[PDB]
Structures are given as structure tokens and as C-alpha cells.
Amino acid sequence: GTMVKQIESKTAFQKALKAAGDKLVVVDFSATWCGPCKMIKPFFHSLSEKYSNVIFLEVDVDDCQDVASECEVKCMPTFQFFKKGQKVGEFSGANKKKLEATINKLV
Ligand SMILES: *SCCS(=O)(=O)O
């Protein structure tokens with residue numbers, strides 16, 4: 001029963017960032033064909049349940065080529081972290097340890 005919101009456009013992305021209010025937002029920039037993305041996706045979804053006070057968004061880079069370019073995603077999965085629409089952290093790679101440590105550092 002995932003809390004992850006699928007983002008399908010640049011407009012949906014901006015509005016999700018604003019809807020977060022003051023809460024940490026974590027965004028997974030992913031693709032359907034990407035092996036490491038597929039490996040970490042269920043863990044990103046489980047974390048969305050573990051951390052009910054953090055907002056979890058998924059952006060498919062083939063769906064949201066505009067979001068991917070603007071957010072300067074070079075490889076997938078990339079995880080970017082926001083507060084009030086503002087980027088407060090980022091890293092690249094399907095790294096479960098780093099993903100959870102970054103949530104805990106930033107929340
Ligand atoms: S991550 C960059 C998103 S936006 O500033 O282009 O809205």
C-alpha cells in the first residue's frame with residue numbers, strides 16, 4: 001500500500017513540491033528499463049510507508065523528459081531531496097543505505 005506519488009508532468013511536479021508544505025520530499029528519478037531502478041523501487045516504496053512524515057515522489061524520466069533535464073538527472077536512479085520546493089540534497093545510484101541515511105539526515 002505505497003504512499004509514493006507518480007509524477008507525470010512538470011506541472012504535477014511543481015504542484016507536488018508545493019503540496020508538501022514544510023515536509024521533506026524525496027524524488028526517485030527512474031526508468032522502466034533500468035536494472036538498478038527496478039532493484040531499488042520496492043525499497044523506495046517500503047520507505048514511503050516507514051517514513052509517513054516524508055513525501056515520496058517517483059518521476060519516470062521517459063515520461064517527464066522536461067523534469068529530468070531541468071533537474072539535471074544524468075543517470076538513474078537519482079534521488080533528490082527538497083524542503084519547500086528547495087533542493088537540500090542529492091545523490092546518484094541504487095544505494096539503499098545512502099537513501100535511508102539521507103532521509104534521516106534531512107528530515
Ligand atoms: S529539480 C528542478 C525542477 S524545476 O526548478 O525546473 O521546477
# chains A, B, ... in the order shown; residues from 1 in each chain; ligands from 1
$ residues_around --residues "range 39-48 of chain A" --least-positions-apart "3" --cutoff "8 Å" --atoms "only C-alpha atoms" --output "ChimeraX atom specification"
/A:2-4,28,35-36,51-52,54-56,94-96,100
$ residues_near_ligand --ligand "ligand 1" --cutoff "9 Å" --atoms "only C-alpha atoms and all ligand atoms" --output "VMD selection string"
chain A and resid 10 to 11 13 to 14 17 66 to 73 80 82 85 to 87
$ select_by_dssp --residues "chain A" --states "strand (DSSP E)" --output "ChimeraX atom specification"
/A:5-7,25-30,55-60,78-83,86-92
$ write_last_selection --atoms "N, CA, C and O atoms" --output "short mmCIF file (atom, residue, chain, number, x, y, z; two decimals), in the first residue's frame"
data_model
loop_
_atom_site.label_atom_id
_atom_site.label_comp_id
_atom_site.auth_asym_id
_atom_site.auth_seq_id
_atom_site.Cartn_x
_atom_site.Cartn_y
_atom_site.Cartn_z
N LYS A 5 3.78 8.97 -4.84
CA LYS A 5 3.01 9.58 -5.91
C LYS A 5 3.80 9.57 -7.21
O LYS A 5 4.92 10.11 -7.26
N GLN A 6 3.21 8.99 -8.26
CA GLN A 6 3.76 9.04 -9.61
C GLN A 6 3.55 10.42 -10.19
O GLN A 6 2.42 10.91 -10.26
N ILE A 7 4.64 11.02 -10.62
CA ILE A 7 4.62 12.35 -11.23
C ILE A 7 4.67 12.18 -12.75
O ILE A 7 5.56 11.51 -13.28
N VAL A 25 10.73 16.19 1.01
CA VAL A 25 10.30 15.48 -0.17
C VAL A 25 11.50 14.71 -0.73
O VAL A 25 12.56 15.29 -0.91
N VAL A 26 11.31 13.43 -1.01
CA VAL A 26 12.33 12.62 -1.73
C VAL A 26 11.76 12.16 -3.06
O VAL A 26 10.66 11.63 -3.10
N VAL A 27 12.51 12.42 -4.13
CA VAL A 27 12.10 12.12 -5.50
C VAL A 27 13.05 11.10 -6.09
O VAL A 27 14.27 11.29 -6.07
N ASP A 28 12.48 10.01 -6.61
CA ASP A 28 13.23 9.00 -7.34
C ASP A 28 13.01 9.22 -8.84
O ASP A 28 11.89 9.07 -9.36
N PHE A 29 14.07 9.63 -9.52
CA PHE A 29 14.12 9.72 -10.95
C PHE A 29 14.56 8.39 -11.53
O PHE A 29 15.73 8.00 -11.37
N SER A 30 13.66 7.73 -12.23
CA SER A 30 13.83 6.32 -12.59
C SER A 30 13.40 6.08 -14.04
O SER A 30 12.86 6.97 -14.71
N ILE A 55 7.49 12.98 2.17
CA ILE A 55 6.71 12.83 0.95
C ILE A 55 7.57 12.13 -0.14
O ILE A 55 8.67 12.58 -0.44
N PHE A 56 7.04 11.06 -0.73
CA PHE A 56 7.80 10.25 -1.68
C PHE A 56 7.21 10.42 -3.08
O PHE A 56 6.01 10.15 -3.30
N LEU A 57 8.04 10.86 -4.03
CA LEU A 57 7.61 11.05 -5.42
C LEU A 57 8.43 10.23 -6.42
O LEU A 57 9.65 10.13 -6.28
N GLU A 58 7.79 9.68 -7.44
CA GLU A 58 8.54 8.98 -8.47
C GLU A 58 8.33 9.73 -9.78
O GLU A 58 7.20 10.10 -10.13
N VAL A 59 9.44 10.00 -10.46
CA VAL A 59 9.42 10.64 -11.75
C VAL A 59 10.03 9.69 -12.79
O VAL A 59 11.23 9.39 -12.75
N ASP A 60 9.23 9.23 -13.74
CA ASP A 60 9.78 8.43 -14.82
C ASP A 60 10.42 9.37 -15.84
O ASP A 60 9.76 10.26 -16.34
N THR A 78 18.35 8.46 -9.66
CA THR A 78 18.86 9.60 -8.92
C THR A 78 17.82 10.01 -7.89
O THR A 78 16.60 9.98 -8.17
N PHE A 79 18.30 10.39 -6.71
CA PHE A 79 17.41 10.79 -5.65
C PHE A 79 17.71 12.22 -5.28
O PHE A 79 18.85 12.52 -4.93
N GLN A 80 16.71 13.09 -5.43
CA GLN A 80 16.81 14.47 -4.96
C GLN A 80 15.84 14.78 -3.83
O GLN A 80 14.70 14.28 -3.78
N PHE A 81 16.29 15.64 -2.92
CA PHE A 81 15.61 15.87 -1.67
C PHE A 81 15.27 17.35 -1.59
O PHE A 81 16.13 18.18 -1.90
N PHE A 82 14.03 17.66 -1.22
CA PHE A 82 13.54 19.07 -1.21
C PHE A 82 12.86 19.42 0.11
O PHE A 82 12.28 18.55 0.77
N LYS A 83 12.94 20.70 0.46
CA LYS A 83 12.11 21.31 1.51
C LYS A 83 11.57 22.64 0.98
O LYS A 83 12.34 23.48 0.49
N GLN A 86 12.67 23.50 -2.40
CA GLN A 86 14.12 23.77 -2.47
C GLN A 86 15.00 22.53 -2.26
O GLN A 86 14.86 21.85 -1.24
N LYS A 87 15.92 22.28 -3.19
CA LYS A 87 16.81 21.09 -3.11
C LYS A 87 17.78 21.21 -1.95
O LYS A 87 18.55 22.18 -1.88
N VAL A 88 17.71 20.23 -1.05
CA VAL A 88 18.51 20.17 0.18
C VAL A 88 19.47 18.98 0.19
O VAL A 88 20.33 18.86 1.07
N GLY A 89 19.35 18.10 -0.81
CA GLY A 89 20.35 17.05 -1.00
C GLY A 89 20.14 16.29 -2.30
O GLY A 89 19.10 16.42 -2.94
N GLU A 90 21.14 15.50 -2.68
CA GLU A 90 21.05 14.65 -3.89
C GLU A 90 22.16 13.63 -3.92
O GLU A 90 23.23 13.85 -3.38
N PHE A 91 21.90 12.49 -4.57
CA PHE A 91 22.94 11.55 -4.92
C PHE A 91 22.39 10.63 -6.02
O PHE A 91 21.17 10.57 -6.24
N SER A 92 23.31 9.91 -6.67
CA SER A 92 23.03 9.05 -7.81
C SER A 92 23.37 7.63 -7.46
O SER A 92 24.41 7.36 -6.84
#
$ atom_distance --atom1 "CA of residue 106 in chain A" --atom2 "CA of residue 34 in chain A"
26.8 Å
$ atom_distance --atom1 "CA of residue 77 in chain A" --atom2 "CA of residue 104 in chain A"
19.0 Å
$ select_by_dssp --residues "range 69-98 of chain A" --states "alpha helix (DSSP H)" --output "ChimeraX atom specification"
/A:69-70,96-98
$ decode --residues "range 2-107 of chain A" --atoms "C-alpha atoms" --output "CSV table (one decimal), in the first residue's frame"
chain,number,residue,atom,x,y,z
A,2,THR,CA,2.5,2.5,-1.3
A,3,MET,CA,2.4,6.3,-0.4
A,4,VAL,CA,4.6,7.1,-3.5
A,5,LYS,CA,3.0,9.6,-5.9
A,6,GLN,CA,3.8,9.0,-9.6
A,7,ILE,CA,4.6,12.4,-11.2
A,8,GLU,CA,3.5,12.6,-14.9
A,9,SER,CA,4.4,16.2,-15.8
A,10,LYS,CA,6.5,19.2,-15.0
A,11,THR,CA,3.2,20.8,-13.7
A,12,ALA,CA,2.4,17.8,-11.5
A,13,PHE,CA,6.0,18.0,-10.1
A,14,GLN,CA,5.9,21.7,-9.2
A,15,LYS,CA,2.5,21.3,-7.5
A,16,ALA,CA,3.6,18.2,-5.6
A,17,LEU,CA,6.5,20.2,-4.3
A,18,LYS,CA,4.2,22.9,-3.1
A,19,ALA,CA,1.6,20.5,-1.7
A,20,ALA,CA,4.3,19.0,0.6
A,21,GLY,CA,4.1,22.1,2.7
A,22,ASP,CA,7.1,22.1,5.0
A,23,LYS,CA,7.8,18.3,4.8
A,24,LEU,CA,10.9,16.6,3.4
A,25,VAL,CA,10.3,15.5,-0.2
A,26,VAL,CA,12.3,12.6,-1.7
A,27,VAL,CA,12.1,12.1,-5.5
A,28,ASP,CA,13.2,9.0,-7.3
A,29,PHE,CA,14.1,9.7,-11.0
A,30,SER,CA,13.8,6.3,-12.6
A,31,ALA,CA,13.1,4.4,-15.8
A,32,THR,CA,11.2,1.2,-16.6
A,33,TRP,CA,14.1,-0.3,-18.4
A,34,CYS,CA,16.8,0.5,-15.8
A,35,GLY,CA,18.0,-2.6,-13.8
A,36,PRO,CA,19.3,-0.7,-10.7
A,37,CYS,CA,16.0,1.3,-10.7
A,38,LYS,CA,14.0,-2.0,-10.7
A,39,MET,CA,16.2,-3.3,-7.8
A,40,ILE,CA,15.5,-0.3,-5.5
A,41,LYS,CA,12.0,0.6,-6.5
A,42,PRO,CA,10.2,-1.7,-4.0
A,43,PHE,CA,12.6,-0.4,-1.2
A,44,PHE,CA,11.7,3.2,-2.1
A,45,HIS,CA,8.0,2.2,-1.8
A,46,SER,CA,8.5,0.4,1.5
A,47,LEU,CA,10.3,3.5,2.9
A,48,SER,CA,7.3,5.6,1.9
A,49,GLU,CA,5.4,3.6,4.5
A,50,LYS,CA,8.2,3.6,7.1
A,51,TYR,CA,8.5,7.4,6.9
A,52,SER,CA,4.9,8.7,6.9
A,53,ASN,CA,6.0,12.3,7.6
A,54,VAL,CA,8.2,12.4,4.4
A,55,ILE,CA,6.7,12.8,0.9
A,56,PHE,CA,7.8,10.2,-1.7
A,57,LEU,CA,7.6,11.0,-5.4
A,58,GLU,CA,8.5,9.0,-8.5
A,59,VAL,CA,9.4,10.6,-11.8
A,60,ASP,CA,9.8,8.4,-14.8
A,61,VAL,CA,12.4,10.2,-17.0
A,62,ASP,CA,10.9,8.9,-20.2
A,63,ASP,CA,7.5,10.3,-19.2
A,64,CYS,CA,8.9,13.5,-17.8
A,65,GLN,CA,11.9,14.4,-20.1
A,66,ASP,CA,11.4,18.0,-19.1
A,67,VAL,CA,11.6,17.3,-15.4
A,68,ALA,CA,14.7,15.1,-16.0
A,69,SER,CA,16.5,17.8,-18.0
A,70,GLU,CA,15.7,20.7,-15.6
A,71,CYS,CA,16.6,18.6,-12.5
A,72,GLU,CA,19.9,17.7,-14.3
A,73,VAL,CA,19.4,13.9,-14.0
A,74,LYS,CA,22.4,12.2,-15.6
A,75,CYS,CA,21.8,8.6,-14.6
A,76,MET,CA,19.0,6.6,-12.9
A,77,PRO,CA,18.1,6.1,-10.2
A,78,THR,CA,18.9,9.6,-8.9
A,79,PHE,CA,17.4,10.8,-5.7
A,80,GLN,CA,16.8,14.5,-5.0
A,81,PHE,CA,15.6,15.9,-1.7
A,82,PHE,CA,13.5,19.1,-1.2
A,83,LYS,CA,12.1,21.3,1.5
A,84,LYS,CA,9.5,24.0,0.5
A,85,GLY,CA,10.4,23.4,-3.2
A,86,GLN,CA,14.1,23.8,-2.5
A,87,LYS,CA,16.8,21.1,-3.1
A,88,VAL,CA,18.5,20.2,0.2
A,89,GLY,CA,20.3,17.1,-1.0
A,90,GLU,CA,21.0,14.7,-3.9
A,91,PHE,CA,22.9,11.5,-4.9
A,92,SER,CA,23.0,9.0,-7.8
A,93,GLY,CA,22.7,5.3,-7.7
A,94,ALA,CA,20.6,2.5,-6.4
A,95,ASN,CA,22.1,2.8,-2.9
A,96,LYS,CA,19.7,1.7,-0.2
A,97,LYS,CA,22.0,2.6,2.7
A,98,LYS,CA,22.6,6.1,1.4
A,99,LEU,CA,19.0,6.6,0.6
A,100,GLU,CA,17.8,5.9,4.1
A,101,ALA,CA,20.8,7.8,5.7
A,102,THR,CA,20.0,10.9,3.6
A,103,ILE,CA,16.3,10.8,4.6
A,104,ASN,CA,17.3,10.6,8.3
A,105,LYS,CA,19.9,13.3,8.0
A,106,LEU,CA,17.4,15.7,6.3
A,107,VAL,CA,14.1,15.0,8.0
